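Engineer: Here you go, one structure.
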Amino acid sequence: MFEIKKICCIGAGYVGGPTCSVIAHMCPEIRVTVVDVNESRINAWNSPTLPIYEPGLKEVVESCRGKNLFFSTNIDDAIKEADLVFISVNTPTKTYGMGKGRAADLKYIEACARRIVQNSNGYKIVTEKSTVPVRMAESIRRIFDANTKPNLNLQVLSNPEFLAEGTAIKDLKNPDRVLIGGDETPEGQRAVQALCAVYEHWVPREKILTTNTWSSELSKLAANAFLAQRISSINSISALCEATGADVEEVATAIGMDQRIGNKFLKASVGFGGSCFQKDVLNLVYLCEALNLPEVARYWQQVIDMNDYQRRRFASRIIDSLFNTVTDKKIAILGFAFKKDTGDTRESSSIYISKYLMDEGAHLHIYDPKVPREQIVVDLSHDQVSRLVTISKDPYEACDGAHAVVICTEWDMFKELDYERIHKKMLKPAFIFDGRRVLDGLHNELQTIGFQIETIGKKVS
Amino acid sequence: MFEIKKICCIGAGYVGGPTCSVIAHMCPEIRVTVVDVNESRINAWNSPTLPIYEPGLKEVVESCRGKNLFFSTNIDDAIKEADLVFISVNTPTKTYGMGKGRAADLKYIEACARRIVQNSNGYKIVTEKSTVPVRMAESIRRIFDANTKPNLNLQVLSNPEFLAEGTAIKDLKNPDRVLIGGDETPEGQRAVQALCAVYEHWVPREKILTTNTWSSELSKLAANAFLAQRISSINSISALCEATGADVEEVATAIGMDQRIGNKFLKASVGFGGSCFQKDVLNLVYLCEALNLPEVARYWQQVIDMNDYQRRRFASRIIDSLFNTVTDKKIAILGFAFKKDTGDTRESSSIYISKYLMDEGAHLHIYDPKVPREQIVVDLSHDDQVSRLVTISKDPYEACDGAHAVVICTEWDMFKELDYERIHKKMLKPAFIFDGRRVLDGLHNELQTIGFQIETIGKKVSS
Amino acid sequence: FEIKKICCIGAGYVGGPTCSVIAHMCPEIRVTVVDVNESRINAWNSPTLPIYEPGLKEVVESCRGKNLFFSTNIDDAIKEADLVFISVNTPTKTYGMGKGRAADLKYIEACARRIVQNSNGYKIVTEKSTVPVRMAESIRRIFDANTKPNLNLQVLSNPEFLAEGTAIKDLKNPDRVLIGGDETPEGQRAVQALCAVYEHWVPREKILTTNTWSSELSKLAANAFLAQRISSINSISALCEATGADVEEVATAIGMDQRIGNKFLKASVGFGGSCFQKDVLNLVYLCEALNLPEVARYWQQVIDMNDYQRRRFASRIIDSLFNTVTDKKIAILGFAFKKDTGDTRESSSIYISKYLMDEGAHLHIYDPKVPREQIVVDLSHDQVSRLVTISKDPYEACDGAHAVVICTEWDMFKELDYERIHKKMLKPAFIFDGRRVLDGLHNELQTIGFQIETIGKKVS
């Protein structure tokens, strides 16, 4: 049974960094070297301020850095010494050409593969950690075969990450499962078992799942699509609740108590966001089109169409409730990050709701307790931002003289605002549009104050 | 009856120039004057370097110019003196307004017709040589009738050109047929015979076909449509060959040995090009829509859709074979002219293949032995993208040095004779050759043992 | 390896004539044509052959009983043969997946199973009938799954290209012989063995060897290229009618380009016969199944244009007759799909007739060769009883008629007494020439009083 003693991870982002930090934390006898072409990131990892924020990560990095955890820009030597090379580079969506807006951009993966084989001799295990399209491993193998040397024996595995941002360390220390895919040949199984042996230092054997290479790559895409589909499904029910007098929280509770469905990922919202869900579902749809599977492609495209409809429908409700005109009206946008307790705005629903209201000429005053001013301007920019967008320092200034308060992110503090004070200074009639159900239970009090309050999945009354 | 002694040709392009040169060459007693408003062209025709390249054309022109062949900008007097006036101005596709992208642009023909009747007296024969939509002659006749003078008698004929680019002189000296259309009136027939007697100085009577005016105009469009359809048909079969393991060259040989089909114009390619095939087919399509023949229109439109599909599919094969990403990859484009043995790039398939790869952000290194560097830059510009992504190489080995793939888009003979062993050593691995013209047929065993993965039109990819 | 014994399974218009010529040209080769149809096998052994081809009766009588044999003993013929031809029918599916377009392969697969059941040692098995591309792979899989010790069945493709009416001339002097086989040493050895049979009377330069798939695809593609020439010139005929051009003038001008050639450029009411439409639809279906929708819709245009040419011709008749033909007597001259044959398969006359029947016309149909019963069958699904009369001579069909519709180019229609026909027709009297058979007679017919309309010529 082959024992991995040296690990090299190419890519110092939110996938490679935390995973390779935890491996080093759990495997004292393994040397872990994280390398990246971006010198700023590598220096930041070796600095007192880490380039990504995850609870517990700063502690983990400080307990191993300098013993068996190393960050370096010397990509060549780290590859040369390693028994195992992780490919953890970014796979952004193509913004150009074939599959624009949907397909993954593979240029970083292929250059990474070419760098590895150029710098490798003898036996190494090469592992895809970044989210790759299915059959990527076949391409990496072909690059290795075409650039082969005497005694060179590079084994290619798949080992996707399933951590969700905000709980990376907890998820890496106690994963629901570890997924490792490899060829079903004797060489592939030896390599798979060698990688299993690393994770078995802290993960129970029952939570380590081994599959073939293609299953492992597809499982990562399928898993995120199934999760996004749960949200789009309950969001589709919220529209039906608004039309019938049902209440989407009561329905979601009743549904989730069926133990075959479970009670997670059933919170209706103005739409899901973040850098993973839309990107992975769109990648799955593109894959299906490329494989002549249009029925499957249109099946998964609905998850995205429903998400787009949930956002557009919420913006239209605002415009319709405000007497079908919002031009020059001050509107407070409370919450800009894609979810609470983060500064991340990527694919945030607040961006799309804001753009829809900007397209009507609304004067938006935007408050978020964590997102910086500069990021909000960028997210809403391509001049229109100058005319229409104000970034408020506190929620009450955002609401002063407003026609409506639009809650787009479920920050806990929005439940605690002084709505009596807010009402006095709003123009009348004053509206609250709750896109996150955070004001549930406060509706009776807000109405007696004088607000007209509308929320996702509840009939207006 | 009527003997043509002076000919005036309005238009000094591909339609007018070579034909009138050959007429002068074959008919020493006829004075032939080619006229054009473009003063650069007239001078070039009167210079030792001609504005279009055709084998043998220089010899023809130098044997008559100044004797009975003349190039001049004096349009008015050349018209006044002529017994026969050829209308040979261009009919480009409209890039604006009604029928944009498909209709023929007729402004030059009409201005030419108005110029003729304004400068004409007595009897003249006016002949449409340029490719026109059917019934163009009716418009010309109406212009003449509305601007008539005492003792003015303008007879309008159709006499289209069928020369193929590259063999223009051979085809004009030895044509498959000469086609002349005119009215079935006594005056129309006298004019038809007068034009026939010119061609009878070197063309046998059995090869001169006379029809009515409308049949002659339509015959030009239809013949061009039939030729383009043969190419689109064998190209559609090439995609079937790639999916089944048949080989399009074997299939094309088997088909072409049926003497009812014949073996010409059955070479599969990345797509037909040049300034005439697509233009003439789209004109036929537009004509059909305007006459409320939508079934006929969509029938001929398929010839163009298949050509567009053949180019898009070849580019998609390249991207797919290169691991579905060509961003920042160096790719050699060997061949930019629309066909071999010319510098002409008009509607060249290489333009479209190059643009598809540019849209992915590929670094193209383009080599062509005859196309000038500035023309390649113009054809790929709208520019900034051309600056970032396009290099024009001085020779094929420089284009291939450090390249991921070699793409052969034009069937130049020299690409067959390259030192592919030298090219392979300096290419990145795996090294790909994409043969869009089947020029490397028979070298596959030799190229594979060197180490290339070679893909070609109409052949399944080897595993 | 020398082929000494040949067995041909299938005694139709393909296998019979081809194997008769092989026997005639190769005295030392024993050639056995076998078929389960006992009626046919006897007819081949009788003085009256089941298919009529000039020269066929002469060729068969020179070899039958010598080295050419017709038998229903398929099994022993297979067991003894070095080369087995598969020449069974592949009709279009009328049910299920690909209905109306895909070939029904049940006879080929059954034939494959019979061969491997009855074979030992080395044999060459050759597809002669028109098959879908990759058919040979299916036959090879049946053979491999039912293999025996030392069994070696080599599968080749050798399609036939004879045209009905000139079959014997085409077999004795073919434009080309096409043989497809595996590009392995065993495949090439089997290919060369088949070439040696044909080299008894076919020059080497006309024998083309390719891989298996190319040979199968070549048969479909060639008929599709021919059908496309007809649909292309027919599309031009509609444009001639709209512009004043003449399709015969245009076709002559086109056909004098030696890169196009002057064959298969006769505009008509539509192509017919049991080959053209069937093969083009098979190609379209093949393209759809291979996820090639662009190629599929390209070749589908050949059929849509043919359907349009027929529908447009029928609508011209109806519009010229003042947009009503209910109870009007209309003479249909010609029912066969082309002249000088009794074959009506996919005849344009069937479709033109049915369009006119849907309007309630009283059709009187005359054809000098098609038997009465065949016309009734072709027009059936009661409507035939009410509306269809089959005439004995053309003058009876035209008596009291409003219109004469010429759908088949029989030479005799050029020679009718049109003065006599005009007197007894209702006025205005129309002639609709769907084959251009009356060209040159237009002035004479017009002065008699007919309004004459024809394909590819603007109405006078």
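Residues in the structure tokens are numbered from 1 in each chain, the chains being A, B, ... in the order shown, and ligands are numbered from 1 in the order shown.
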Once DSSP has gone over the backbone, tell me which residues of range 194-407 of chain B are in helix (DSSP H, G or I), as an NGL selection string.

Structural biologist: :B and (194-199 or 205-207 or 213-244 or 248-256 or 277-290 or 294-321 or 349-359 or 373-380 or 384-389 or 396-400)

Engineer: Please provide the set of residues having any atom within 8 Å of range 344-360 of chain A, restricted to only C-alpha atoms, with same-chain residues fewer than 4 positions apart removed, written as number ranges by chain.

Structural biologist: A: 270-275, 311-312, 314-315, 319, 325-327, 333, 335-339, 364, 371, 379-380, 384, 388, 408-409

Engineer: Residues of the last selection are to be written out with N, CA, C and O atoms, as a compact mmCIF listing (two decimals), in the first residue's frame.

Structural biologist:
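Okay, again07.txt is ready:
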# COMPACT_ATOMS: atom_id res chain seq x y z
N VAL A 270 -36.12 35.60 -2.74
CA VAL A 270 -36.23 36.31 -4.01
C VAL A 270 -35.40 35.63 -5.10
O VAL A 270 -35.65 35.87 -6.28
N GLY A 271 -34.51 34.73 -4.74
CA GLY A 271 -33.78 33.87 -5.65
C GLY A 271 -32.42 33.51 -5.06
O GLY A 271 -31.81 34.24 -4.29
N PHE A 272 -31.93 32.32 -5.41
CA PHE A 272 -30.62 31.91 -4.92
C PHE A 272 -29.50 32.67 -5.64
O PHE A 272 -29.67 33.17 -6.75
N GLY A 273 -28.37 32.78 -4.96
CA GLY A 273 -27.21 33.46 -5.50
C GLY A 273 -25.91 32.76 -5.14
O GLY A 273 -25.91 31.59 -4.74
N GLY A 274 -24.80 33.47 -5.24
CA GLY A 274 -23.51 32.89 -4.98
C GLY A 274 -22.85 32.42 -6.27
O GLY A 274 -23.47 32.29 -7.32
N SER A 275 -21.56 32.14 -6.15
CA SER A 275 -20.70 31.84 -7.28
C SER A 275 -20.78 30.39 -7.76
O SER A 275 -20.06 30.04 -8.70
N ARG A 311 -36.94 36.47 -9.38
CA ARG A 311 -36.39 37.81 -9.23
C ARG A 311 -37.22 38.83 -10.00
O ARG A 311 -37.61 39.86 -9.45
N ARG A 312 -37.47 38.56 -11.27
CA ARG A 312 -38.18 39.51 -12.13
C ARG A 312 -39.60 39.75 -11.61
O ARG A 312 -40.10 40.88 -11.61
N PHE A 314 -40.53 39.56 -8.44
CA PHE A 314 -40.43 40.41 -7.25
C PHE A 314 -40.24 41.89 -7.63
O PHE A 314 -40.87 42.77 -7.04
N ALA A 315 -39.39 42.17 -8.61
CA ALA A 315 -39.22 43.56 -9.05
C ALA A 315 -40.51 44.12 -9.64
O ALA A 315 -40.86 45.28 -9.40
N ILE A 319 -42.89 47.50 -8.54
CA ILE A 319 -43.32 48.54 -9.47
C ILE A 319 -44.84 48.64 -9.48
O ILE A 319 -45.40 49.74 -9.42
N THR A 325 -45.35 53.21 -11.18
CA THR A 325 -44.28 54.13 -11.55
C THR A 325 -43.36 54.28 -10.35
O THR A 325 -43.82 54.44 -9.22
N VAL A 326 -42.05 54.15 -10.59
CA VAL A 326 -41.04 54.37 -9.57
C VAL A 326 -39.99 55.38 -10.02
O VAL A 326 -39.05 55.65 -9.27
N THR A 327 -40.15 55.98 -11.20
CA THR A 327 -39.25 57.01 -11.69
C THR A 327 -39.13 58.15 -10.68
O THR A 327 -40.13 58.77 -10.30
N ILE A 333 -32.90 49.95 -0.37
CA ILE A 333 -32.53 48.56 -0.57
C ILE A 333 -31.73 48.13 0.65
O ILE A 333 -30.60 48.60 0.85
N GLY A 335 -29.78 45.26 2.39
CA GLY A 335 -29.10 44.00 2.14
C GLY A 335 -28.64 43.89 0.70
O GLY A 335 -29.47 43.97 -0.21
N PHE A 336 -27.35 43.72 0.47
CA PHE A 336 -26.82 43.58 -0.89
C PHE A 336 -26.04 42.30 -1.13
O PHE A 336 -26.01 41.83 -2.27
N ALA A 337 -25.43 41.72 -0.10
CA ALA A 337 -24.70 40.46 -0.25
C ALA A 337 -25.66 39.36 -0.67
O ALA A 337 -26.88 39.48 -0.51
N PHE A 338 -25.11 38.29 -1.25
CA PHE A 338 -25.99 37.24 -1.78
C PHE A 338 -26.68 36.45 -0.67
O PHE A 338 -27.71 35.82 -0.92
N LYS A 339 -26.14 36.48 0.55
CA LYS A 339 -26.78 35.90 1.73
C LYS A 339 -26.24 36.64 2.95
O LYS A 339 -25.33 37.46 2.84
N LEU A 364 -32.19 54.65 -5.82
CA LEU A 364 -31.93 53.60 -4.84
C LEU A 364 -30.97 54.11 -3.77
O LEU A 364 -29.93 54.70 -4.09
N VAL A 371 -20.94 44.58 3.04
CA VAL A 371 -20.41 44.81 1.69
C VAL A 371 -19.85 46.22 1.58
O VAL A 371 -20.51 47.19 2.00
N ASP A 379 -20.68 46.34 -8.93
CA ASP A 379 -21.72 45.37 -9.28
C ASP A 379 -22.84 46.00 -10.10
O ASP A 379 -23.47 45.32 -10.91
N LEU A 380 -23.11 47.28 -9.89
CA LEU A 380 -24.19 47.94 -10.60
C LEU A 380 -23.72 48.70 -11.83
O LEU A 380 -24.55 49.21 -12.59
N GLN A 384 -25.07 55.58 -14.89
CA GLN A 384 -26.41 55.38 -14.36
C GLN A 384 -26.35 55.24 -12.85
O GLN A 384 -27.24 55.71 -12.13
N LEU A 388 -28.48 57.49 -10.01
CA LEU A 388 -29.57 56.80 -9.34
C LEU A 388 -29.21 56.10 -8.04
O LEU A 388 -30.13 55.74 -7.29
N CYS A 408 -33.69 42.59 0.74
CA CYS A 408 -33.19 41.62 -0.22
C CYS A 408 -32.24 40.59 0.39
O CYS A 408 -31.89 39.63 -0.31
N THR A 409 -31.76 40.80 1.61
CA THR A 409 -30.83 39.89 2.29
C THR A 409 -31.26 39.72 3.74
O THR A 409 -31.56 40.70 4.42

Engineer: Which residues in range 1-237 of chain B does DSSP call strand (DSSP E or B)? List them as an MDAnalysis selection string.

Structural biologist: chainID B and resid 6:10 31:35 65 69:72 84:87 93 104 122:128 152:158 178:181 208:211

Engineer: Could you please take those selected residues and save N, CA and C atoms as a compact mmCIF listing (two decimals), in the first residue's frame?

Structural biologist:
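Contents of out-v6.txt, freshly written:
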# COMPACT_ATOMS: atom_id res chain seq x y z
N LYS B 6 -17.23 48.04 -84.11
CA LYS B 6 -16.74 48.74 -82.93
C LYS B 6 -17.54 48.27 -81.73
N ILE B 7 -16.84 47.88 -80.67
CA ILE B 7 -17.42 47.38 -79.44
C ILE B 7 -16.96 48.28 -78.30
N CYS B 8 -17.89 48.65 -77.43
CA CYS B 8 -17.57 49.37 -76.21
C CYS B 8 -18.00 48.52 -75.02
N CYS B 9 -17.10 48.35 -74.06
CA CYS B 9 -17.40 47.57 -72.87
C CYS B 9 -17.33 48.47 -71.65
N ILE B 10 -18.47 48.69 -71.01
CA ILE B 10 -18.53 49.51 -69.80
C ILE B 10 -18.35 48.59 -68.60
N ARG B 31 -12.64 46.77 -83.57
CA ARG B 31 -12.05 47.65 -82.57
C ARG B 31 -12.81 47.49 -81.26
N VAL B 32 -12.09 47.18 -80.18
CA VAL B 32 -12.69 46.89 -78.88
C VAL B 32 -12.17 47.88 -77.86
N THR B 33 -13.09 48.62 -77.23
CA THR B 33 -12.73 49.64 -76.27
C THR B 33 -13.38 49.35 -74.92
N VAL B 34 -12.56 49.15 -73.90
CA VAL B 34 -13.02 48.92 -72.54
C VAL B 34 -12.96 50.26 -71.81
N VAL B 35 -14.08 50.69 -71.23
CA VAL B 35 -14.15 51.97 -70.55
C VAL B 35 -14.65 51.79 -69.12
N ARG B 65 -3.34 45.32 -77.34
CA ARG B 65 -3.50 46.65 -76.79
C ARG B 65 -2.76 47.66 -77.65
N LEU B 69 -7.39 46.78 -79.33
CA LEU B 69 -7.88 46.75 -77.95
C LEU B 69 -7.41 48.01 -77.24
N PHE B 70 -8.34 48.72 -76.61
CA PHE B 70 -8.06 49.99 -75.96
C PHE B 70 -8.74 50.06 -74.61
N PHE B 71 -8.07 50.68 -73.64
CA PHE B 71 -8.65 50.95 -72.33
C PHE B 71 -8.64 52.46 -72.13
N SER B 72 -9.80 53.02 -71.81
CA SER B 72 -9.94 54.48 -71.76
C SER B 72 -10.99 54.88 -70.74
N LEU B 84 -21.79 47.90 -80.77
CA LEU B 84 -22.20 47.00 -79.70
C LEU B 84 -21.66 47.55 -78.40
N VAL B 85 -22.52 47.68 -77.40
CA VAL B 85 -22.12 48.12 -76.07
C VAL B 85 -22.39 46.98 -75.08
N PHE B 86 -21.34 46.53 -74.39
CA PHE B 86 -21.49 45.58 -73.29
C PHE B 86 -21.66 46.34 -71.98
N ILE B 87 -22.69 45.96 -71.21
CA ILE B 87 -22.83 46.39 -69.83
C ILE B 87 -22.18 45.31 -68.97
N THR B 93 -23.83 42.21 -53.79
CA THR B 93 -24.97 42.04 -52.91
C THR B 93 -25.21 43.34 -52.16
N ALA B 104 -29.50 41.64 -55.32
CA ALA B 104 -28.46 42.25 -56.12
C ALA B 104 -28.64 43.76 -56.06
N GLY B 122 -28.82 56.62 -83.58
CA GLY B 122 -28.87 55.59 -84.59
C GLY B 122 -29.01 54.22 -83.94
N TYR B 123 -28.47 53.22 -84.62
CA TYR B 123 -28.65 51.82 -84.26
C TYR B 123 -27.49 51.33 -83.41
N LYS B 124 -27.80 50.72 -82.27
CA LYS B 124 -26.78 50.07 -81.45
C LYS B 124 -27.39 48.84 -80.81
N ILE B 125 -26.55 47.85 -80.55
CA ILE B 125 -26.91 46.68 -79.75
C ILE B 125 -26.31 46.86 -78.36
N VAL B 126 -27.16 46.75 -77.34
CA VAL B 126 -26.76 46.87 -75.95
C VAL B 126 -26.94 45.50 -75.30
N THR B 127 -25.88 44.97 -74.71
CA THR B 127 -25.86 43.58 -74.26
C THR B 127 -25.52 43.50 -72.78
N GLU B 128 -26.40 42.85 -71.99
CA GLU B 128 -26.12 42.58 -70.57
C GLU B 128 -25.14 41.44 -70.45
N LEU B 152 -33.36 56.67 -83.17
CA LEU B 152 -32.65 55.88 -82.17
C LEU B 152 -33.25 54.49 -82.11
N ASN B 153 -32.40 53.47 -82.19
CA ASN B 153 -32.85 52.08 -82.22
C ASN B 153 -31.87 51.23 -81.40
N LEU B 154 -32.17 51.07 -80.12
CA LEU B 154 -31.31 50.32 -79.21
C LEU B 154 -31.90 48.93 -79.02
N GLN B 155 -31.18 47.90 -79.46
CA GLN B 155 -31.61 46.53 -79.24
C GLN B 155 -30.92 45.97 -78.01
N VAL B 156 -31.69 45.39 -77.09
CA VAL B 156 -31.17 44.88 -75.82
C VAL B 156 -31.07 43.36 -75.86
N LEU B 157 -29.88 42.83 -75.59
CA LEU B 157 -29.61 41.40 -75.53
C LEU B 157 -29.08 41.02 -74.15
N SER B 158 -29.10 39.72 -73.87
CA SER B 158 -28.43 39.12 -72.72
C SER B 158 -27.31 38.20 -73.21
N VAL B 178 -21.61 29.36 -75.70
CA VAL B 178 -21.88 30.78 -75.64
C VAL B 178 -23.40 30.97 -75.64
N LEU B 179 -23.89 31.82 -74.75
CA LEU B 179 -25.32 31.98 -74.56
C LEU B 179 -25.75 33.41 -74.89
N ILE B 180 -26.71 33.54 -75.80
CA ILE B 180 -27.22 34.84 -76.23
C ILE B 180 -28.75 34.81 -76.19
N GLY B 181 -29.34 35.73 -75.45
CA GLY B 181 -30.79 35.84 -75.36
C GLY B 181 -31.27 37.16 -75.94
N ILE B 208 -22.90 27.81 -79.82
CA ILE B 208 -23.58 29.08 -79.58
C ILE B 208 -25.06 28.77 -79.43
N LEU B 209 -25.61 28.97 -78.24
CA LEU B 209 -27.01 28.71 -77.96
C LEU B 209 -27.75 30.04 -77.85
N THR B 210 -28.82 30.18 -78.61
CA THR B 210 -29.63 31.39 -78.58
C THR B 210 -30.99 31.06 -77.96
N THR B 211 -31.44 31.92 -77.04
CA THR B 211 -32.66 31.69 -76.26
C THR B 211 -33.42 33.01 -76.19

Engineer: Report as JSON, numbers by chain all protein, DNA and RNA residues lying within 9 Å of range 57-71 of chain C, evaluated on only C-alpha atoms, omitting residues in the same chain fewer than 3 positions from it.

Structural biologist: {"C": [11, 17, 19, 20, 21, 22, 23, 24, 26, 27, 28, 29, 30, 31, 32, 33, 34, 35, 36, 38, 41, 42, 44, 45, 47, 48, 49, 52, 53, 54, 74, 77, 168]}

Engineer: Quick one: write out the picked residues with N, CA and C atoms as a CSV table (one decimal), in the first residue's frame?

Structural biologist:
chain,number,residue,atom,x,y,z
C,11,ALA,N,-34.3,-13.4,-55.6
C,11,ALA,CA,-34.5,-13.6,-57.0
C,11,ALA,C,-35.3,-12.5,-57.6
C,17,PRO,N,-31.1,-10.8,-62.6
C,17,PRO,CA,-30.3,-10.3,-63.7
C,17,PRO,C,-28.8,-10.3,-63.4
C,19,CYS,N,-26.9,-12.1,-61.4
C,19,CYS,CA,-26.3,-13.4,-61.3
C,19,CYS,C,-26.4,-14.1,-62.7
C,20,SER,N,-27.4,-13.8,-63.5
C,20,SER,CA,-27.4,-14.4,-64.9
C,20,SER,C,-26.3,-13.9,-65.7
C,21,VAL,N,-25.9,-12.6,-65.5
C,21,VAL,CA,-24.8,-12.1,-66.3
C,21,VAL,C,-23.5,-12.7,-65.8
C,22,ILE,N,-23.3,-12.8,-64.4
C,22,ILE,CA,-22.1,-13.5,-63.9
C,22,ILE,C,-22.0,-14.9,-64.5
C,23,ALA,N,-23.1,-15.7,-64.5
C,23,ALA,CA,-23.0,-17.0,-65.1
C,23,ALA,C,-22.7,-16.9,-66.6
C,24,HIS,N,-23.2,-16.0,-67.3
C,24,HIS,CA,-23.0,-15.8,-68.7
C,24,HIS,C,-21.5,-15.5,-68.9
C,26,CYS,N,-18.9,-16.0,-66.8
C,26,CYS,CA,-17.9,-16.9,-66.0
C,26,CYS,C,-18.4,-18.3,-66.2
C,27,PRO,N,-18.0,-19.0,-67.2
C,27,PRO,CA,-18.4,-20.4,-67.4
C,27,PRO,C,-18.0,-21.4,-66.3
C,28,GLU,N,-16.8,-21.1,-65.7
C,28,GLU,CA,-16.3,-22.0,-64.7
C,28,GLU,C,-16.9,-21.8,-63.3
C,29,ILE,N,-17.7,-20.8,-63.1
C,29,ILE,CA,-18.3,-20.5,-61.8
C,29,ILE,C,-19.7,-21.1,-61.8
C,30,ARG,N,-20.1,-21.8,-60.8
C,30,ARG,CA,-21.4,-22.3,-60.6
C,30,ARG,C,-22.2,-21.2,-59.8
C,31,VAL,N,-23.3,-20.8,-60.4
C,31,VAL,CA,-24.1,-19.7,-59.8
C,31,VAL,C,-25.5,-20.1,-59.5
C,32,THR,N,-25.9,-20.0,-58.3
C,32,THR,CA,-27.2,-20.5,-57.9
C,32,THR,C,-28.0,-19.4,-57.3
C,33,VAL,N,-29.2,-19.1,-57.9
C,33,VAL,CA,-30.1,-18.1,-57.4
C,33,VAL,C,-31.2,-18.8,-56.7
C,34,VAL,N,-31.3,-18.4,-55.4
C,34,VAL,CA,-32.3,-19.1,-54.5
C,34,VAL,C,-33.2,-18.0,-53.9
C,35,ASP,N,-34.4,-18.5,-53.6
C,35,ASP,CA,-35.5,-17.6,-53.1
C,35,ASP,C,-36.5,-18.6,-52.4
C,36,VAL,N,-37.1,-18.1,-51.3
C,36,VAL,CA,-38.2,-18.9,-50.7
C,36,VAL,C,-39.5,-18.8,-51.6
C,38,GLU,N,-41.6,-19.7,-54.2
C,38,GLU,CA,-41.7,-20.9,-55.1
C,38,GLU,C,-42.3,-20.5,-56.5
C,41,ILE,N,-39.2,-18.9,-58.5
C,41,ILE,CA,-38.2,-19.9,-58.9
C,41,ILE,C,-38.6,-20.7,-60.1
C,42,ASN,N,-39.9,-21.1,-60.1
C,42,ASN,CA,-40.4,-21.8,-61.3
C,42,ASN,C,-40.4,-20.9,-62.5
C,44,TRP,N,-38.5,-18.5,-63.3
C,44,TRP,CA,-37.1,-18.4,-63.8
C,44,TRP,C,-36.7,-19.7,-64.6
C,45,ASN,N,-37.3,-20.8,-64.2
C,45,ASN,CA,-37.0,-22.1,-64.9
C,45,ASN,C,-38.0,-22.4,-66.0
C,47,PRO,N,-40.2,-20.9,-69.7
C,47,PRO,CA,-39.9,-20.0,-70.9
C,47,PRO,C,-40.4,-18.6,-70.7
C,48,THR,N,-41.0,-18.2,-69.6
C,48,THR,CA,-41.5,-16.9,-69.4
C,48,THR,C,-41.0,-16.3,-68.1
C,49,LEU,N,-40.1,-15.4,-68.1
C,49,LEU,CA,-39.4,-14.9,-66.9
C,49,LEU,C,-40.3,-13.9,-66.2
C,52,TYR,N,-39.4,-8.5,-67.1
C,52,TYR,CA,-39.0,-8.3,-68.5
C,52,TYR,C,-37.9,-7.3,-68.6
C,53,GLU,N,-36.8,-7.7,-69.2
C,53,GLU,CA,-35.7,-6.8,-69.5
C,53,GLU,C,-35.2,-7.3,-70.9
C,54,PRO,N,-35.0,-6.4,-71.8
C,54,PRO,CA,-34.4,-6.8,-73.1
C,54,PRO,C,-33.1,-7.5,-72.9
C,74,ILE,N,-32.3,-23.1,-50.2
C,74,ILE,CA,-31.4,-22.1,-49.8
C,74,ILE,C,-30.3,-22.6,-49.0
C,77,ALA,N,-27.4,-24.5,-51.0
C,77,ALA,CA,-26.7,-23.5,-51.7
C,77,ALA,C,-25.8,-22.7,-50.8
C,168,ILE,N,-29.7,-5.2,-68.6
C,168,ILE,CA,-28.7,-6.1,-69.2
C,168,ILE,C,-27.5,-5.3,-69.8

Engineer: Distance limit 8 Å, atoms considered: only C-alpha atoms. Which chain B residues sit that close to chain A? Return them as a list in words.

Structural biologist: residues 323, 324, 325, 326, 327, 356, 359, 360, 429 and 430 of chain B

Engineer: Would you kindly return, as JSON, numbers by chain, each protein, DNA or RNA residue with an atom no farther than 12 Å from any atom of residue 250 in chain C, considering only C-alpha atoms and excluding same-chain residues fewer than 5 positions away?

Structural biologist: {"B": [179, 180, 181, 209, 210, 211, 212, 213, 214, 215, 216, 217, 218, 219, 220, 221, 222, 223, 226], "C": [232, 233, 234, 235, 236, 237, 239, 240, 244, 245, 255, 256, 257, 262, 265, 266, 267, 456, 457]}

Engineer: Got a sec to pull out which chain C residues are within 8 Å of chain B, counting only C-alpha atoms, and send them as number ranges by chain?

Structural biologist: C: 133-134, 175-176, 178, 208, 210-215, 217-218, 221-222, 225-226, 232, 235-236, 238-240, 242-247, 249-251, 253-254, 256-264, 287, 290, 292, 294-295, 298, 301-302, 305, 308
